[PDB]
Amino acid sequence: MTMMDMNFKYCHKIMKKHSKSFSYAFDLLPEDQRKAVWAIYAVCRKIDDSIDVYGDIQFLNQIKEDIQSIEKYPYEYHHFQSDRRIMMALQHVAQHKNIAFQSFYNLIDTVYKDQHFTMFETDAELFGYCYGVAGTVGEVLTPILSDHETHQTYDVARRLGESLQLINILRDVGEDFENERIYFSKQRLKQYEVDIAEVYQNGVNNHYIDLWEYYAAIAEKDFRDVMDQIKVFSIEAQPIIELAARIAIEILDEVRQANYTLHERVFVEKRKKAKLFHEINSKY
């Protein structure tokens, strides 16, 4: 192992321990792309953690400054302030791919702002947040998942990330509620007559199913459009991106099968993921 190998292996360790769902898919990719994805995943997880868990603006400030050092001087040796091994790997990636640094900065700002979770007033603000935490990630991942760095490729990758964020929301509403988080907008909860705490206590009702399915329909339409444009991605990523769309839809059906429960985390079995992947890439 070279030292750089050890940096990527560390990034992999972070992905493998925490990623119950992304990890299976992304490790189906070829080696250079897989490694780049590990470094991006590790950096984004550290960003998300810094606030949610380790509890400091300064660690987040350190991450931003490290990324800024890489952008300004991609070939200089930096004494990274945040996590050395992760930043060395990201710098290696940036020497080989066009990283959309402003997307990292948008992500960091969104994570900062989320510190004080004010509920979203409008779907526009919810979707603005889906962009900030996940559209941005799709943007970062674009030059890794594709050889085309056109408007269309970034737009598809952004939409894929934001829709994945919406699936995540739809799966985790109970868990999120326990953590003092509601992502459905106040405008939409008000329209559908849903109080999450009330539902958490008294079971799923029809007003809630309707609200949930309103947002699920948005997610499903967005995935169909991503699938329509699968070919903007590289030939090796296409099957993996298709699996992601598919698992996303499978999660929506599991929630539905579990009658929209707020009291367990539905998940797609690893064996079933393999079944879905097999089905998919026989077409390739």
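Residue indices: 1-based, along the sequence shown.
When the C-alpha B-factors of 44-52 and 64-72 are averaged, 44-52 comes out higher. The question of which stretch, 54-62 or 24-32, has the higher mean Cα B factor is settled in favour of 54-62. By the numbers in the PDB entry, the CA B factor is greatest at 192 among 192, 129, 154, 101.
Ranking 80, 105, 117, 183 by Cα temperature factor from the entry places 117 first.
Ranked against the other modelled residues of its chain, the C-alpha B-factor of residue 109 as given in the entry falls in the lowest third. Annotation for residue 162: C-alpha temperature factor in the lowest third relative to the rest of the modelled chain, per the entry.
In the deposited entry, the Cα temperature factor of residue 262 sits in the top third of values across the chain's modelled residues. Residue-level temperature factors show residue 168 in the lowest third of its chain, judged at the C-alpha atom. Sort the modelled residues of the chain by CA B factor and residue 202 lands in the highest third.
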